[PDB]
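**Q** Just the structure for this:
(3 chains, ligands or ions: 3)
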Amino acid sequence: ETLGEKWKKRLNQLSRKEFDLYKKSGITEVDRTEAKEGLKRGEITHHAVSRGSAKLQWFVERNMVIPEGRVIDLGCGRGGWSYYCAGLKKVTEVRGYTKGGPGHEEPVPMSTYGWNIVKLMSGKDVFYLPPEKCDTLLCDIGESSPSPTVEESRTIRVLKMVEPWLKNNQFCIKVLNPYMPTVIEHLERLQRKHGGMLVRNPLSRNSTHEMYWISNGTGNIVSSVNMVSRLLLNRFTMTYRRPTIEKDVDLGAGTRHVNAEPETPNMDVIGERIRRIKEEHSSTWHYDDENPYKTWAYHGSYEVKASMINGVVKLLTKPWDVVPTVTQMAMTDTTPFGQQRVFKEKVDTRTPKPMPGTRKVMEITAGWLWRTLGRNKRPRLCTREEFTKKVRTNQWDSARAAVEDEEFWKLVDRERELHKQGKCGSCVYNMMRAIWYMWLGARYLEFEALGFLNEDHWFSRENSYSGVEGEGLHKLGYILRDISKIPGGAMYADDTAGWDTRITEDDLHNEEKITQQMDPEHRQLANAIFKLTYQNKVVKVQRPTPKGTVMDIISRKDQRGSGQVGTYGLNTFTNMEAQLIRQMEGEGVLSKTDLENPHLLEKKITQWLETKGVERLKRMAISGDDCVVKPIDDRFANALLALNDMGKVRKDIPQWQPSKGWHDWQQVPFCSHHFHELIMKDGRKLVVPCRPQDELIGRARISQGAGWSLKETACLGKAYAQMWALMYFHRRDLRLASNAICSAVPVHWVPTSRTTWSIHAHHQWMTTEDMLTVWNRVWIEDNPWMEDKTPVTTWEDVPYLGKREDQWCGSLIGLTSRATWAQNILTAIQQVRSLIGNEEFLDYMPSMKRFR
Amino acid sequence: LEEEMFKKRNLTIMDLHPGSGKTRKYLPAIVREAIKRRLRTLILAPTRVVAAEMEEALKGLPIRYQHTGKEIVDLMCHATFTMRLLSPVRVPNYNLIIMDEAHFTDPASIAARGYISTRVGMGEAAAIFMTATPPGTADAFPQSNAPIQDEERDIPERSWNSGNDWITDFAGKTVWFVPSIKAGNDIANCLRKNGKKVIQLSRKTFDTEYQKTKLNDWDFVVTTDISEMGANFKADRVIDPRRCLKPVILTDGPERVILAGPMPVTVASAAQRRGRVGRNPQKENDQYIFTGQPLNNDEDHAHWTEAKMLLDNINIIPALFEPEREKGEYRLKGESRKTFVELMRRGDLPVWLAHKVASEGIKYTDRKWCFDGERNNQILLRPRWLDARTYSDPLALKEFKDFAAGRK
RNA sequence: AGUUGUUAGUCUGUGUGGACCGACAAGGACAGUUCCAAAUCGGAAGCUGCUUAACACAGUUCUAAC
Ligand SMILES: *OP(=O)(O)OP(=O)(O)OC[C@H]1O[C@@H](n2cnc3c(=O)[nH]c(N)nc32)[C@H](O)[C@@H]1O
Ligand SMILES: [Zn+2]
Ligand SMILES: [Zn+2]
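**A** Numbering: from 1, shown residues only, chains lettered A, B, ... in the order given. Ligands and ions are numbered 1, 2, ... in the order given. Here you go:
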C-alpha cells in the first residue's frame, strides 16, 4: 500500500473544519480578491482570469518548461494558462480547447496583452481530437474523486490521450493521481520515450496530490512522489501554519504586435560600454537563449551571486499581530524571482507612438513651459566640492570613502572628456570597487550637468507655480487647502500606472529642450548626458537560471531609468505638461480634430498658454507622478483623449471611464497621504498628514538595513517613534506607542538609518533633542500658515483626531486587545528594558493624562 | 581588522569562502588582538576534529584547551559550552566569543548561538560568528577560490549494471556523498569493480580512514556528511546527489523521533558540500554534479525542538537566534531539570527523549517506562516513547539496552 | 482540477412606517472633560395604561448550523 493512498484515505477520514484547515497548511496562495472584484465588475485588462496564471508562471519562471512558437492548450477552461502564455517572447499562436458546457468552465474573453493572438474554443472535447503539430503543449485536465481508483483510471485515460501529441516539443501535463502503480509505470515508459521530470507546484493546495510532468528536467519519479506524500503526512496537523500570500499576476493590456516589438540598438553609441562589460568578465560572458526580453534589446550575460522584524517594536506593538495588512507588508521579497517578475509585468512593454497633433502640441507646451521656468533663474554647471558636500552630509559610507579618494576623480575626468567628445564609457546603472567607482562616477556626471534643477530649486512652489519641491510633509496639507480655496470643479488626483515606464521618446526630446538655455561648455555636457545615457540606456539586471543567478545586459531608448539623478525634476516637468494639456482639452481648446491633423495651427494654443498658463498652473500640486489638479469645470473629468494618446494611462480604471473627483480636500490622496484639519484648544487650526496606520505600523516593524544588531534595531525603533511624535501625533495609538518606545530605549542611543526615503521628509526627528520643543519649532514657529505664534507647553494642547475619524483611518481603539495593551504597556516596557540591560531609562508615559 | 567590532552589544557574522585563511590566517590574529585588548574570551568549535585543527593553527598563543592554568581566553567544543552552561555552575563571564562553523546543526550548537546572542543583547558581550552560511542563507553556489563548473545530471541511487560513464570517466579525483554507510559500501564495490581505487568514510571509520585519505594513492572517495566538515581532499569533482537523511520529529498521533529516509539536503548543507571542492585558485576542473533541489521547509526537523528544550531549560525568557527565531514551555523545575541534565549526560539519551522523561518527573534510576510502552510501542523493550536513534544501529541498540537495563 | 459557496441570526445603508424626542446617567471606553451608553424620568404617538414597533430591500457587517 503506497504512501499516497495512505494519505488519501487519511484525508478522506477528516471532517469539515479539519479538512478545511488542513487544505491550507503552509502553502503559498495568491491574493485573488482584487481580481474577483475587477472581473465581477466587468474589466477586460490586467487580470488573471483564474488562479491558473500564477500556477503556470511558477513553472515558466524557473524555465522548467519554455513556451515557444505555437502553443496548444487542452482543457483550457476559463483560460488562465493561455492568456498567461500569450504574453511571452517566443510565443506566436495560442489555441485553447475545452468541452465546455454544464458544470464546466467557459472561456472568458478579455483583452490583456497578447489577446489578439488567442483562439479559445468551447464545445470541443479534447478526447476526440486529431492530434496536431504542437511546438508547446499545456494540459491541465483532472477530475478528483474520493475514490483513488477512479482518479487513477482518469489519469490513465489522460496519458493515453496526450501521448500522440509529444513530438519533440516543450510540454507541461497535469498528473492528478501520481501515486498509483500503473500510473507510475506508464509515466516511466513515457519518460523513457520522451524525457522530462515530475514536479510539485507549491501553489497547489494540500487537499490534492497532483504533480506535473514537464519537458525540461530529470530525476526519479518514485522518490519524488514519496517525498510529496511524506510532506503531506507531516502536514496533517504540524501545529497548522497560516498560508503565505503572494501578489497576483498582471497581464498588461492591449493587442500585441510581434513584428513591431523588438528593438534595433544604436550599437555605435553603446558599443563601448557593452564591450567594456564583456571584457571585464571575459570568463562568463555566455550569450543565453532563454532570455525573456520582449522589448529590451539583449547583449549577453555573465555569472553573478545573490524582511526582518524589529524586535524592539515587535515587543511593543503586540495587538497588531492578527492584522492582515501589517503582516502582508512584511512578506514581500526582492529575490531575483521577484525582480524578474516585476520587470516582466511592468517594464517590458512598449507605448504606442502618439498622434502627430499631440506631438506638436507637446512640443509647443514644453517650449513655453521651459521658457517660463527660466524667467528668473539660469542654469549653471555643478561643481565637484558640492558633490563632496552632498555625499558627506548625506552605500553612504563607501560613497564618502570614494569621494574622498583620488583615483576616482581622475577616472571621472577621463570619462568626462569622453563625454565632451560624444561617447560614454561607464555610464551604466543597475536596477536594484572599480566597477563601483564607474557607477558612482556616472552619477556624478549627471549631477554636474543637471544638478541645477535641484540645487537651485527650479521646481519650488514659488518658482514653478505648481511644484512642491522643498516643502516636506508638514506643508503639503496647507498647499492642498490653498488649492481648495481656488474656485472651480472637484479635485482630481489620478495616479499613472507605472509612470517611469511610460515616457516616450518625444517626451525626452521635449525635456531636452532645456539645453536651449545653457552656456556652450555646459551645453555640450548636457547634450552628452541626454543623448547618450538618457536616450540610449544600458542596464544590468539579475536573472535566476537553473544554475544560479546571472547578470543580464539590456539596453533601450525610452523609459527613464529610475535611479538617475535629475529623475525627480524631469518627472515633475513632464507631469506638469501632461496635466496642463489635459486641462486644455477640458476647457475645449483642444478637440479630436486638433489631435488628428499633422499640423494644427499653433496660434490658438500659444495664445491660450500666454494668457492663462500661470493661472492654470496655480491650480495644481505636482510631485513626480503624483498630481493634484483642480480644473475650472468638470469637463476635465472627461478629457481622456489627449491623456491616453500621450500614453499616460491612469491606474485601476477602464481606459475610458471618466475620472472621479473628491470635493472635500481632506480626502484627496497625495504622495500616499491624505490630510486632516484639526482645531487646537485656542481654536488655532492645524493641517496634518494621515495615512492608514497599518502601513505606518508595518513600515516600522521592518528592520531592513540591519541584518541582526539589537543596538541597531532599537535605534531604528526610536527613530520611528520620534517621527511618529512629530508627524503623526494626532493618532492615538501612534502617540501611545511612541511614548512607550521612547521610554523603552536608552535615553542616549542616538538613532540613524533614515526611517523613510521619500523626498518629502526633511527628517527633523533624527536629532536627539526633546520632542516637545522640536514639535513647537516644526509646527508653531516656522509654519507660515501659523499667524498666532504662541508656543504649546505640554503634550496636552496637542490636538487629536476625532474619535470616529481616527477609527475610520484604521485605529484599533475600542477593541479589548488594545485595552489590555493600553493597560499593561508598563510591563511590556519593563520587559524590554530588561532585555536591553543597564543603560538609563527615562519615562515618557506621564506625558499622557492616563499615567499620572 | 575593524577594531570597532570589539565593542559590546555587537555581534557580527563574518565569513570567508572555504580556506581563505579564515582559520589559517585570520583567527590567530583575532585572538592576538583580543589578547592585546586583554579580553576574557571564549572560542567555540563544532567537533573534536575541527578542535584539533584549530589547536594546530593556534600555535604560540596561550589557549586553555578544554593545559596549565590561569589563562584568559579558552577554547572548547560548542556542545561542551552548552552542557557546561546547563550544569548549575555560574558560567564564566567572557567578554568576547568567537564561534566557528555557525551553520552547524547540533541542538547544542543552536542553543549556544541563542545564548550568545542573548548575552550580547544583555549588553555585556561581543560576538563573532565565523561561518560561510548564516541562517537565512539561500546561495547554494557561493564564492570559491576557483570557479565551480556545475552540472545537473542523473546521479544514480544504487549500483548500475552499466552506464553513468560520466561518473567514472573523469580524469580527476571524485568525492561522492552518500546518505548511509551501506550505500557507500555498495557504490564502492561497484567503483572498485571498475578498477578505481576507492575509499569509504563514515562516522566511526573516519579516524582510521582520514590519514589514508591524506595519502595520494586513492582516486574515488564515497562518504556521508561527516566529510562535510573539515576534510581536506584536493579532489577534482564532487558528486552530491542532494539526497540525505536526518533525525526528524514526527507527530502523526504519537509525537516521536524518526531517522528520515533519503531526502534533499538543506540549502546550507548543499552549499557546504559543493564548497568541499574548489579551494585552490590553481585548479580549474571544479565539477559539481547535482541531481536535486534543496529542501524547501526544514521547519519539520527536530533538532530545532531539542535546541529549544536546551535553551528553555537553561538557567528573562530564553530566546533563540533572530534569523533562527522563525522556527518558554520546555523549561522544567529544579529536580526535573537536574534529571534532564543527568539523563542527557549519564544515560546518553538524545535530548528530546531526556526532556520527555524529565517532564514527567521520573528520577534517573526508575526504568518503569522502558517496558510500559504500548503494543505498537515495541522494537525489533517497550519505552514510553519511540526514537529510532535509540535503536538505529546495532551499537546504538546495545547502548540503549545497557541504559534500560540499569547498567549505564 | 477549476469553479465554489449555502441557510439562520447579528451588523451597515435605504425605504415604508405616528414611530421617536428630550432629561439624566450606572457602566464603558478614551486620555484631548473625548465619545458612547443600561437604567430612570418626562414628553408624544398608537391602541386605555401598556408599548415604542413593524417589515422590506440591498452591506463584501459579522456570527454561527450543510
Ligand atoms: O483542491 P480541491 O480539490 O478543489 O479541494 P476539493 O474540495 O475539491 O477536494 C477534492 C478531494 O478532497 C476530498 N474532500 C473534499 N471535501 C472533503 C471533506 O469535506 N472532507 C473530507 N474528508 N475530504 C474531502 C475528496 O476526496 C476529493 O477527492
Ligand atoms: Zn559615459
Ligand atoms: Zn486619516
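**Q** surely residue A:62 meets residue A:547?
**A** No - assessed by CB atoms under 8 Å, residue A:62 is found out of contact with residue A:547, at 11.4 Å. Heads up, the C-betas are built off the backbone N, CA and C, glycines and all.
**Q** Looking at these two, which has the bigger crowd around it?
**A** More neighbours surround residue A:62 than the other of residue A:62 and residue A:547, with 17 against 12 (other CB atoms under 10 Å in any protein chain shown).
**Q** With adjacent residues omitted, what lies nearest to that one?
**A** With CB to CB, 6 or more residues apart in numbering or on different chains as the criterion, residue A:62 has its nearest non-adjacent residue at 6.6 Å, and that residue is residue A:546.
**Q** Surely the one you found touches residue B:151?
**A** No - at 10.8 Å, residue A:546 does not count as touching residue B:151 under the criterion of CB under 8 Å.
**Q** Closest approach to ligand 3 from the stretch 451-600 of chain A, which residue is it?
**A** residue A:477 (11.5 Å; CB to the ion).
**Q** What helix or strand is that residue located in?
**A** Residue A:477 is part of helix A:473-485 when elements are defined by DSSP states H and E.
**Q** Can you name the residues that contact the residue in the stretch 1-150 of chain B positioned nearest to ligand 1?
**A** Here the stretch 1-150 of chain B gets closest to ligand 1 at one residue, residue B:138, 29.0 Å apart by CB to the nearest ligand atom. Residue B:138 is in contact with A:306, A:335, B:267, counting by CB atoms under 8 Å, 6 or more residues apart in numbering or on different chains.
**Q** Nearest to ligand 3 among those?
**A** Of all the contacts of residue B:138, ligand 3 sits closest to residue A:335, with 34.1 Å by CB to the ion.
**Q** number of nearby residues for that closest one?
**A** Residue A:335, neighbours per other CB under 10 Å, totals 13.
**Q** now swap in the one 4 residues further on and tell me
**A** A total of 17 residues lie near residue A:339 under the criterion other CB under 10 Å.
**Q** Look up how far residue A:430 lies from it.
**A** Using CB to CB, to the nearest Å, residue A:339 is found at 11 Å from residue A:430.
**Q** residues shared between the contacts of these two?
**A** Each of residue A:541 lies in contact with both residue A:339 and residue A:430 under the rule CB under 8 Å, 6+ apart.
**Q** Check which helices and strands the helix holding residue A:477 is in contact with.
**A** In terms of contacts (3 or more CB pairs under 8 Å, 6 or more residues apart in numbering or on different chains; DSSP states H and E), helix A:473-485 is packed against strand A:620-623, strand A:674-679, strand A:685-690.
**Q** Mind listing what's buried along the first one?
**A** Spelled out, that is strand A:620-623. For strand A:620-623, the neighbour count (16 or more other CB atoms under 10 Å in any protein chain shown) marks A:620-623 as buried.
**Q** Which is the succeeding secondary structure element to it?
**A** That would be, after strand A:620-623 and using DSSP H and E, strand A:626-629.
**Q** quick one: contacts of whichever helix or strand comes after that next one?
**A** Later in the chain than strand A:626-629, the nearest helix or strand by DSSP H and E is helix A:640-646. Applying CB under 8 Å, 6+ apart, the set of residues contacting helix A:640-646 from outside is A:354-355, A:358, A:361-362, A:504, A:578, A:581-582, A:584-585, A:590, A:592, A:595, A:649-650, A:655-656, A:658.
**Q** Give the ChimeraX command for selecting the buried subset of these.
**A** Buried members of the contacts of helix A:640-646, defined by 16+ other CB under 10 Å, are picked up in ChimeraX with:
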select /A:354,355,358,361,362,504,578,581,582,584,585,590,595,649,650
